[PDB]
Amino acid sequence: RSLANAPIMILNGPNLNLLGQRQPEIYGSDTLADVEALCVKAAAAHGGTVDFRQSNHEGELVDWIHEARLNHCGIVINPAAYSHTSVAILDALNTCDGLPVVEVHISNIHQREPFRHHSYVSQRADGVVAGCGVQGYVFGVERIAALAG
């Protein structure tokens, strides 16, 4: 698919619903609809749209990767916690043959807890953006656009 012909799937994993409500010194005060708004503007700036979701359930994120592989031109995914534990999500993205994928972490995970240092997604994520705050979704977006067409 192209951006002209289909949306970017944007995917958000657990706890991100409450984004903007706390520890803004690590995550900022933008809320999750604030992020979504960025991504609409971001894709619009390039022709495309986005389809922005959030779930706290690993199987659903997996089900939405299944959909995107089929119906969308690329994925910007913040796996959030499942970044560090989900092989099922990684595997979901391994079936996405030549659908581009960007991982995105609002905080720089390399400077926080050692569990945080490692991510399964980065194994498939074509690129990975970290510590760019919610602007990094915007990079995820520009990247998807550059690649998809």
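Just count from 1 along the sequence shown to find any residue number. By rigid core we mean the largest C-alpha set that fits within 1.5 Å across both forms.
- Of the two stretches examined, 86-94 and 24-32, the one with higher mean CA deviation in 5 other deposited structures of this protein after a rigid core fit is 24-32.
- Looking at 81-89 and 98-106 together, the entry lists the larger mean B-factor for 98-106, computed on C-alpha atoms.
- Of the two stretches examined, 119-127 and 37-45, the record assigns the greater average C-alpha temperature factor to 37-45.
- Among the modelled residues of its chain, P114 has a C-alpha B-factor that falls in the middle third, as given in the PDB entry.
- For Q21, the recorded CA temperature factor ranks within the highest third of the chain's modelled residues.
- Per the deposited record, the Cα B-factor of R69 falls in the highest third when ranked against the other modelled residues of its chain.
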